[PDB]
Every structure is written in structure tokens, then in C-alpha cells.
Undergrad: 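If you scroll down you'll find the structure; I have some questions about it.
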Amino acid sequence: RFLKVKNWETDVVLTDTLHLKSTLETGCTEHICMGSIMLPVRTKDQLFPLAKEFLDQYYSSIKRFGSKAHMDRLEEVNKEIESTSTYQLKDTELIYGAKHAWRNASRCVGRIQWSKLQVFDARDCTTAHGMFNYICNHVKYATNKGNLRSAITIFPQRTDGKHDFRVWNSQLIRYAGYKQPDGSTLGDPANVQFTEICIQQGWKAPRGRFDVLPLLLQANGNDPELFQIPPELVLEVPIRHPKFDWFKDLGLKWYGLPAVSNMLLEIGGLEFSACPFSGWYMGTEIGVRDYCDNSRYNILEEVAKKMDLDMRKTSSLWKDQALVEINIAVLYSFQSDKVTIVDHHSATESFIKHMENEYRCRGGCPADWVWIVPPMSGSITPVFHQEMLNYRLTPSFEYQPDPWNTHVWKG
Amino acid sequence: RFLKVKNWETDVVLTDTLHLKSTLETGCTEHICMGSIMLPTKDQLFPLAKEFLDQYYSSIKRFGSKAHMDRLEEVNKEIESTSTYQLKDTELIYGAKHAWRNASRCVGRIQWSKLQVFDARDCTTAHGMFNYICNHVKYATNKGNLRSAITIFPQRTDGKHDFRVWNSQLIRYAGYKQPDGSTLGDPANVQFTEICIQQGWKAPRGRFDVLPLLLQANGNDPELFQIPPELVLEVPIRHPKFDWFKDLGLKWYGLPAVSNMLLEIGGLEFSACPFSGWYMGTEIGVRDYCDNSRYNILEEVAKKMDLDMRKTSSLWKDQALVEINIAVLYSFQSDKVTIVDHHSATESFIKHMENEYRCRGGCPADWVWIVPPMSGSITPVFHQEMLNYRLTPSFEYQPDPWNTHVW
Ligand code: HEM
Ligand code: HEM
Ligand SMILES: C[C@H](O)[C@H](O)[C@H]1CNc2nc(N)[nH]c(=O)c2N1
Ligand SMILES: C[C@H](O)[C@H](O)[C@H]1CNc2nc(N)[nH]c(=O)c2N1
Ligand SMILES: N=C(CO)NCCC[C@H](N)C(=O)O
Ligand SMILES: N=C(CO)NCCC[C@H](N)C(=O)O
Ligand SMILES: [Zn+2]
């Protein structure tokens with residue numbers, strides 16, 4: 001069965017056959033669409049099919065499907081499974097796996113870049129200190145003095161579920177939040193819970209508005225341990241505006257490296273619970289969401305105050321005016337300091353080209369419209385007008401529960 | 001089967017049970033989400049009628065009364081006898097209000113129970129239709145103080161005697177392709193504009209010509225009529241800061257009146273049911289004015305503003321967009337024509353959702369349509385999880401009649 005998507009701006013119609021390879025469920029039924037819901041110990045049994053499906057896809061990608069090398073690999077994985085109950089990926093299969101998880105990430109607008117990914121194999125890692133060293137190397141390589149390079153570091157896979165490797169941070173680099181006694185928050189409200197854990201684990205918090213968090217790292221199912229990323233490895237950008245000279249006096253800055261570290265990478269039925277990955281920012285992530293969400297830094301009022309906009313009626317669009325100026329500032333600051341960033345016009349246009357190419361070469365491109373359309377100026381970006389099909393392919397990045405909810409403390 | 005929706009900004013969680021009453025299908029399966037796709041007999045009729053009458057009698061606290069059973073009996077007898085049935089006025093009104101209440105793409109539903117329902121089921125000709133429509137236009141416009149209204153023409157019979165308004169809204173601007181290669185006026189209306197011309201309309205061939213009505217009664221060939229211009233309230237667009245804005249020569253109409261949809265109540269199909277409320281500013285200023293395939297004015301506005309149009313990263317498009325939208329709102333307000341900004345409308349809708357969850361067990365909503373096309377995440381609906389599903393009575397899409405009609 002063939003499925004059509006249409007772009008309502010261009011009338012370009014595309015045909016999807018890739019969705020036929022989809023296994024994992026969506027959350028939707030014939031009676032309910034859950035397309036806007038944020039979040040809608042494996043046995044030998046289920047494992048060999050998952051391995052096989054993956055190795056068939058790998059061997060096809062390399063034009064060796066059905067070859068002796070393909071068949072010997074299936075056989076060797078099969079024996080390894082029923083003997084040791086799991087298996088190990090070859091380096092080439094891991095790299096391919098990690099790239100495809102990104103290729104298949106339906107909420108990622110940056111996927112035109114999917115094949116340029118530096119994969120760091122950290123499967124020989126055994127301790128939290130080993131992890132810290134790996135993560136430092138990743139930050140330094142990815143940062144590259146502002147000329148950002150996509151990378152992923154992959155710690156050992158899950159075994160019995162009791163020896164998991166985890167990065168407790170939700171991103172490698174992120175700012176602390178501190179609920180105050182009067183009920184206000186200092187710093188980033190998204191990171192209050194995790195900040196409170198670090199403090200409990202013995203971090204001495206500077207208690208400012210932009211304190212880079214320490215890494216809280218769990219190796220081999222052991223209690224996690226704290227480490228400070230050397231400050232010389234943490235690239236940051238002071239935020240100023242090309243025209244408004246008071247803008248710098250808001251005291252704003254952000255870090256250049258967006259490094260999601262709390263997701264789970266599934267490849268061939270194997271579960272890599274610590275797999276921090278980074279690219280570079282689209283300006284709206286910081287300018288729209290991190291700065292202007294009500295539950296984040298929430299700077300809209302203070303900015304609009306300085307701009308002396310009419311704030312007594314929403315229909316002045318004072319919020320919308322302030323929002324553009326803030327986003328101009330983020331992009332200007334990053335460009336001026338020569339740190340990679342992409343604007344939402346450039347990034348969405350690239351994605352449409354990516355998506356069309358994928359339909360031609362691959363038979364489809366799973367995409368989550370709710371996430372792909374940028375959080376400001378939605379309909380003046382080409383994605384708003386693009387119909388999309390969302391379905392789940394493996395290899396994949398998946399959510400997992402926060403480790404503090406599940407971890408059995410050793411003491 | 002009992003479903004939670006979370007607001008990620010406020011942490012408020014709502015439990016949805018209303019979805020279990022869902023009748024129609026979404027387009028989605030467990031393998032594929034189609035959430036962003038625009039368009040995803042006697043035997044048939046009695047279940048649909050029963051389901052509707054049951055919810056009606058429940059709504060007036062008479063579920064299982066003799067008057068409930070008697071009406072079920074009487075409708076049943078009438079379908080058996082005539083293969084269709086007629087709604088009582090009270091059922092018609094209830095059904096239309098509920099079709100709006102159920103409209104998952106409508107952000108304006110806090111208003112759902114204040115709807116003036118005009119019963120045009122006695123209408124027989126296109127002239128009749130024109131009369132009913134002018135009355136609706138005048139009623140709803142109300143010299144700028146807009147009132148929600150719907151006008152309901154006769155229900156489908158054998159599908160060869162359909163009433164249709166061929167226009168997509170009661171009031172829209174014409175579109176003409178020129179030698180040029182380009183388009184004058186509204187590109188969305190080019191083909192319908194041609195149909196009018198080929199039917200006999202003398203087009204003034206300008207940028208903002210109000211189209212004629214093309215009206216189909218009882219399955220006949222449709223007929224042209226001009227709405228008295230005195231009934232079409234329009235707003236010149238100026239900006240409260242930029243004097244040059246008026247020189248762009250932009251205007252829009254006050255009454256948004258969708259006329260191409262199909263109202264289904266208790267299995268009956270009302271193929272001409274034009275309805276109107278009032279505008280949210282973004283519909284005009286973001287979509288109608290700035291879509292590349294609509295009036296597409298971003299570039300002219302940005303030039304007038306002397307912004308750096310060399311690079312997308314200067315956010316010149318975004319800057320022009322905000323100002324165009326300030327100008328729309330300012331102009332409607334200055335002229336006392338009802339309009340709502342996207343902050344106000346989305347705040348109301350979040351309140352409406354809480355009311356519906358509390359009093360009804362849920363509120364079908366399509367997040368893709370509900371989130372404004374500008375400044376999405378600085379409105380509260382962006383952060384609101386929504387469940388989309390189909391309840392009846394409903395408004396449904398139907399194919400444009402020119403592909404259907406036998407001349
Ligand atoms: C190279 C530049 C990249 C850009 C500009 C980019 C852009 C983005 C953006 C804007 C989002 C949404 C973020 C949010 O709203 O929180 C995102 C999500 C995501 N991207 Fe990327 N991306 C990039 C690289 C990568 C890389 C290297 C990977 C993994 C190898 C990746 C995988 C993801 C995943 C899994 C998500 C979903 C995260 C979630 O659900 O929280 N992307 N991308
Ligand atoms: C009172 C003021 C109202 C406001 C502010 C309003 C707001 C809106 C908006 C912004 C849309 C999206 C339109 C688009 O993007 O093209 C919409 C869609 C819709 N509304 Fe309303 N609405 C109002 C009244 C009504 C009324 C009176 C009805 C019917 C009785 C109705 C039924 C619908 C339907 C069926 C749609 C979806 C149409 C489609 O899919 O093209 N609304 N509403
Ligand atoms: C409820 C809703 O799904 C939620 O707010 C989503 C909307 N779209 C998003 N899109 C992106 N890219 N990132 C997000 O965090 C969200 N939040
Ligand atoms: C492809 C996508 O579904 C389409 O562009 C939608 C997106 N959201 C929308 N939302 C509203 N209110 N109106 C629209 O016409 C659209 N168009
Ligand atoms: N561009 C990326 C990954 O390359 N996004 C990662 C998520 C970052 C999050 N949205 C933030 O604002 O910190
Ligand atoms: N507010 C409404 C109906 O009350 N919108 C209906 C569709 C109008 C269309 N979006 C337009 O911009 O002309
Ligand atoms: Zn869906």
C-alpha cells in the first residue's frame with residue numbers, strides 16, 4: 001500500500017512505501033489521534049528476530065545482501081545469542097546503527113546531516129571516571145572551538161537491567177535551577193529536580209542564574225558519581241542585539257553545544273541506555289523555548305519593558321514583538337562569536353529538501369509535524385505547509401524513565 | 001481506554017472519557033499517525049438517528065422518558081415509511097450547536113452555545129437561497145458587532161437534489177491569472193473565479209473584488225447573485241505607527257463565513273449550511289496576507305520597512321510578519337469590527353477545554369489546527385496535549401460541486 005503526502009504551498013505530492021517497514025506502535029488508533037501527546041530485560045525469544053531484521057538492513061545498505069559474509073554473520077550472532085543470551089555489534093554495524101537512529105528520528109529537523117556523524121565507541125568503558133573522560137573528549141571534539149561537529153558517544157549496552165550505564169543529566173551541558181523559599185526560581189526551572197539531586201550528592205552550587213551543572217554518571221549499575229566538566233571545554237555565548245545596546249545588560253548567555261544525554265539508542269534489539277549525542281542549535285530552541293517559555297527563563301516581560309512596547313493589551317502583540325528581537329539577538333550573538341547555529345528558515349528549507357530526497361531514495365521520511373514546525377512564525381516556514389507521516393523505524397532513539405526513579409541505591 | 005492529557009506549562013492533567021463515544025475514524029492506525037494530513041440506507045439511518053435522539057433526550061434530562069420513546073418510535077416509523085425523517089426545530093438547533101461544539105479544528109468553541117440558527121429548510125430555489133444568505137450576512141455582521149450564525153438549507157434526499165453554495169466562503173475576493181504569468185487578487189480562488197466568469201459574471205479584474213454567490217437549489221444548475229455591497233463590511237488596513245502602510249492598499253472583509261462544508265445531524269446530511277463567527281487576527285494577517293500562495297505580501301512590507309533582506313537570519317520575514325498582524329488587529333479595532341488576537345483566543349480555548357473536561361468528559365481538539373500559525377509556543381495551546389477524535393453531530397468536508405455536478 002502506497003500513501004500520499006501533499007505540500008499545500010507547492011502541490012508537490014510524495015508517495016510513502018517506507019511506512020510498510022514500521023513495527024513499533026504510534027499511540028494512535030482508528031478512533032483516536034495521539035499525535036500531540038509528548039510521551040505516548042529482553043529475552044533470547046524476541047532478540048534474534050530483532051538482530052536478523054537489523055543485519056538484513058545493514059547487509060542491504062552495503063550491497064552484500066545474501067552474501068556469504070551476511071550469512072556467516074547471522075549464524076555467528078545466532079550462536080552468540082542462544083549461548084551468551086545477547087550479542088556484540090561489529091564497529092561498522094554500530095556506526096551504521098547510530099546514523100540510522102538519527103535518520104529515523106521523526107522529531108529531528110536537522111536530519112539532512114544524518115550521514116555526517118562522528119561515532120565514539122565507548123563500549124570498553126567500565127567506571128564513572130571512564131565515562132567522564134569519554135564525555136570530555138566528546139565535548140571537546142564536538143565543540144571544535146565553535147565550528148561544531150555532530151557526535152555521539154556510546155557506552156556499553158544493557159545486559160540484565162541491573163548493570164545499566166546512564167548519564168543522569170538530561171543534557172551534557174545545562175544550567176542549574178534553584179527553587180527559592182519565596183517560591184521564585186533562580187536559574188533554569190527545567191533543571192530544579194536534577195540540580196537538587198546534585199546538591200544532595202554533594203555538589204557545591206554557586207547559586208547563580210547560569211551555573212553549568214556537574215555531570216552525574218552511572219557506570220555498570222553502580223551509584224552515580226559527580227564530576228565537573230572543565231570550564232575551558234564549555235563554550236558559551238554572551239547574548240547581545242545588533243541594534244539594542246541595553247540587550248547585553250539583561251545578563252543573558254547560552255552554551256553552544258546542545259547534547260541530549262538521557263535517551264536510549266536501540267540497534268538490532270540491543271539497548272544502549274547511555275548514548276549522549278550532539279549537533280548544533282537552531283536559534284528558536286534558545287530564543288523561543290529556553291528564553292521565553294513561561295516555565296523556563298521567561299524573559300518576555302523584562303525585554304518588552306526595555307523596548308517600551310504597549311503592554312496593557314495583548315492585541316498590541318508586544319509578546320510577539322519582543323520574541324522576534326530576542327531571536328534576532330540569539331542568532332547575531334552566535335554568528336558574531338563564530339559558533340555554529342542555524343535559523344529556522346534555513347533549517348526548515350533544508351529539511352524539506354532532505355525529506356523529498358528521502359522519499360525518492362528511501363521510499364519515505366517519517367516526520368512528526370508537531371515537533372518539526374518551529375515554535376515561532378510557523379506558517380512562514382515551508383514545513384507548516386507540508387503533510388507528514390509519522391511512524392517508528394528501528395534503529396531508533398527512545399525515551400526512558402529518569403534514572404532516579406528506577407535506580408536501586410547501593411549506599 | 002481512560003486517557004490523560006497533560007499541559008506541560010502548568011502541569012494540569014485532564015482525563016478523557018468522551019473519546020469512548022467516538023463514532024467516525026481518524027485516518028490514523030497503530031502503525032502510522034496521519035495527524036498532519038488535511039483531508040484524512042434505511043438500515044444505516046436508524047442507528048444514526050437513535051444515537052442522536054438518545055444524546056438529545058439526555059441533554060434535556062429526559063433520557064428514557066415516554067416522550068423519548070415516543071419520538072424514537074415516530075422517527076423509526078418515518079424512516080420505514082419515507083426512508084428519511086425530519087428533525088424538530090429543537091433537535092435541529094441542538095444538532096447545529098453540537099456540530100460546532102465537536103469541531104476539533106475550531107479554536108473559537110468557547111462560544112459554542114451562542115449560535116443563532118436560521119432554519120432555511122423551507123427554501124426551494126436559488127433566489128430563495130440568496131435571500132436567506134443576505135439575511136444571514138446582515139444579521140451576523142450587525143454593523144461590526146458580529147454574532148455567530150448558521151443558515152441550514154434542505155437535507156440531502158436522493159443526492160440528485162442537493163442544495164449547495166458553490167463558494168467556499170460567503171464573502172471572498174476573486175483571483176485572476178494574467179498574461180504576466182502572475183496572479184491578480186486571491187490565488188486560492190482562481191478556479192472558482194473562472195467558473196463565475198464562465199457562468200457570466202463581469203469581473204472588475206481588481207485585487208479585492210468580492211465574488212458573486214453561485215447558488216444551487218434542489219440539484220439544479222447554480223445561479224449568480226451579487227451581495228449588496230452595503231451588506232459586505234470591509235476594513236482598510238493601516239498601521240498605528242507606520243504611515244506608509246495604507247499605501248499598500250490592503251483591505252479585508254469582516255465576516256468569515258465558511259459555506260462549503262456538510263453538516264451531519266442524526267444521519268441526515270445538510271450539504272448547504274454556511275456558518276460564520278468572527279476572525280482571529282492571524283487568519284488574515286499571517287495566512288491570507290503572508291502565505292506564499294496567498295496575497296504573499298511579506299517582501300513588499302519588508303522593503304517598506306527597510307530591513308536587511310539579504311539573509312534569512314536577520315529574521316526580516318518574522319519582523320514584517322508581526323507588524324502586518326499588528327496592523328490587521330489595529331484596523332478592525334479602530335473600525336469597531338469584532339476580531340480576536342491569537343493570545344486572547346487560545347487563552348479562551350484552554351478555559352473552554354477545562355470546562356468541557358469537567359462538564360462533558362473531554363474535548364476533541366486538533367493541535368495542528370489549534371496552534372496559531374505565528375508565535376506558537378508563546379500561546380498556551382502549544383503546551384497543551386490534545387486528543388483528536390470525531391463526534392457527531394459534525395461538520396465534514398465534501399467534494400467541490402463542479403466535479404460532482406451534472407450540468
Ligand atoms: C546537526 C544539527 C542538528 C540540528 C540543527 C537538530 C535540530 C533539532 C531540533 C530543533 C530538535 C527539537 C529539539 C527540541 O524541541 O527540544 C531536534 C530533536 C532531535 N534530534 Fe536533532 N538536530 C541536529 C542533530 C542531531 C543529532 C546529531 C542527533 C542524534 C544523532 C539528533 C537526534 C535528534 C532527536 C532524537 C531529537 C528528538 C529529541 C527529543 O524527543 O527530545 N539530532 N533536532
Ligand atoms: C465566534 C468566533 C469563532 C472563532 C474566533 C473561530 C475560530 C476558528 C479558527 C481560527 C479556525 C481555523 C480556520 C482556518 O485556519 O482556516 C476555525 C475553524 C473552524 N471553525 Fe471556528 N471560530 C468561530 C466560530 C465558528 C462557528 C460559528 C462555527 C460553526 C457553527 C465554527 C466551526 C469551525 C469549523 C468547522 C472549522 C474548521 C473548518 C475547516 O476545517 O476548514 N466556528 N475556527
Ligand atoms: C503538547 C505538545 O505536544 C508539546 O508542547 C510539544 C509541541 N511541539 C514541540 N516541538 C518541539 N520541537 N519541542 C517540544 O518540546 C514541543 N513540545
Ligand atoms: C499540512 C498541514 O496539515 C496544513 O498546513 C495545516 C497546518 N495547520 C493549519 N491550521 C489551521 N488553523 N489552518 C490551516 O489551514 C492549517 N493548515
Ligand atoms: N539542536 C539540537 C541537537 O543538535 N537540539 C537538541 C535539544 C536542545 C534543546 N531544545 C535545548 O534548547 O537545549
Ligand atoms: N474565524 C473563522 C470562522 O468564524 N474562520 C473561518 C475560516 C476563515 C479563513 N481562515 C479565512 O482566513 O478567511
Ligand atoms: Zn495520529
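To find a chain, count down the sequence lines: A is the first, B the second, and so on, and within it residues start at 1. All values below were derived from every heavy atom in this structure, side-chain atoms included, with hydrogens, water molecules and symmetry-related copies excluded.
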Undergrad: Can you measure from CD (A/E358) to CG (A/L18) and round to the nearest 0.5 angstrom?
TA: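 A/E358 atom CD to A/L18 atom CG measures 8.5 Å (nearest 0.5 Å).
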
Undergrad: Answer with side chain, backbone, both or neither: which region of A/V370 has an atom nearer than 4.5 Å to a non-hydrogen atom of chain B?
TA: both

Undergrad: Does A/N405 CG have over 12 foreign heavy atoms under 6.0 Å away?
TA: yes

Undergrad: Among B/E25, B/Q333, B/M386, B/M38, single out the residue with the greatest number of heavy-atom pairs under 4.5 Å to chain A.
TA: B/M38

Undergrad: I'd like to know which of A/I380, A/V342, A/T23 tops the heavy-atom pair count under 4.5 Å against chain B.
TA: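 Answer, by heavy-atom pair count under 4.5 Å with chain B: A/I380.
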
Undergrad: Examine whether an atom of B/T282 lies under 4.5 Å from a heavy atom of chain A, and if so say whether it belongs to the side chain, the backbone or both; otherwise answer neither.
TA: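 Looking at B/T282, nothing touches chain A.
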
Undergrad: With a 3.5 Å distance limit and no angle check, can you tell me whether A/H241 reaches the backbone of A/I326 through a side-chain donor-acceptor pair?
TA: no

Undergrad: B/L20 versus chain A, heavy atoms under 4.5 Å apart: side chain, backbone, both or neither?
TA: neither

Undergrad: I'd like to know whether NZ of A/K179 has more than 12 heavy-atom contacts from other residues, nucleotides or ligands below 6.0 angstrom.
TA: no

Undergrad: Is it the backbone or the side chain of A/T314 that comes under 4.5 Å from a heavy atom of chain B, or both, or neither?
TA: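 Backbone plus side chain of A/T314, per the 4.5 Å heavy-atom cut-off to chain B.
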
Undergrad: For chain B, which of A/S22, A/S315, A/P374 has the most heavy-atom pairs under 4.5 Å?
TA: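 Winner by heavy-atom pair count: A/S315.
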
Undergrad: Which one wins on heavy-atom pair count under 4.5 Å against chain A: B/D291, B/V286, B/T10?
TA: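 Looking at each option in turn, the highest pair count goes to B/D291.
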
Undergrad: For chain A, find which of B/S344, B/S375, B/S293 contributes the most heavy-atom pairs closer than 4.5 angstrom.
TA: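 Highest number of pairs under 4.5 Å: B/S375.
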
Undergrad: Heavy-atom pairs under 4.5 Å with chain B: which of A/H19, A/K6, A/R296, A/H344 has the most?
TA: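 Winner by heavy-atom pair count: A/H344.
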
Undergrad: Roughly how far, to the nearest 0.5 Å, is CG of A/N262 from OH of A/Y399?
TA: 8.5 Å

Undergrad: Which one, B/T379, B/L298, B/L329, B/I32, leads in non-hydrogen pairs under 4.5 Å with chain A?
TA: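 That would be B/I32.
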
Undergrad: B/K317, B/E323, B/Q319, B/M34: which one forms the most heavy-atom pairs within less than 4.5 Å of chain A?
TA: B/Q319

Undergrad: Can you tell which of A/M376, A/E30, A/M38, A/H345 has the highest number of heavy-atom pairs within less than 4.5 Å of chain B?
TA: A/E30

Undergrad: What part of A/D343 lies closer than 4.5 angstrom to a heavy atom of chain B: side chain, backbone, both or neither?
TA: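 The side chain, not the backbone.
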
Undergrad: Most heavy-atom pairs under 4.5 angstrom with chain A, which of B/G376, B/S377, B/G35?
TA: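 Result: the option with the highest number of such pairs is B/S377.
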
Undergrad: What part of A/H31 lies closer than 4.5 angstrom to a heavy atom of chain B: side chain, backbone, both or neither?
TA: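 Both parts, backbone and side chain.
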
Undergrad: Kindly check if the number of other-residue, nucleotide or ligand heavy atoms within 6.0 Å of CD (A/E349) is above 12?
TA: no

Undergrad: Taking atom CG as the centre, does B/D306 end up with more than 12 heavy-atom neighbours from other residues, nucleotides or ligands that are less than 6.0 angstrom away?
TA: no

Undergrad: Counting only non-hydrogen atoms closer than 4.5 Å, does B/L321 touch chain A with its backbone (N, CA, C, O), its side chain (CB onward), both, or neither?
TA: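 Only the side chain of B/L321 comes within 4.5 Å of chain A.
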
Undergrad: Taking NZ, NE, NH1 and NH2 as the nitrogens, is one of them in B/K311 or B/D308 under 4.0 Å from a carboxylate oxygen of the other?
TA: no

Undergrad: When you compare the side chains of B/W367 and B/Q384, does any donor N or O come within less than 3.5 Å of an acceptor on the partner?
TA: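 Looking only at side-chain atoms, B/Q384 and B/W367 do not form any donor-acceptor pair under 3.5 Å.
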
Undergrad: Would you mind telling me which of A/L3, A/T29, A/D320 has the largest number of heavy-atom pairs within less than 4.5 Å of chain B?
TA: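 The answer is A/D320.
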
Undergrad: Charged N to carboxylate O below 4.0 Å: is that the case for B/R390 and B/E396?
TA: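 Salt bridge present between B/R390 and B/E396.
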
Undergrad: Does this structure show an ion pair linking B/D16 with B/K4, if we count only N-O contacts that are shorter than 4.0 Å?
TA: no

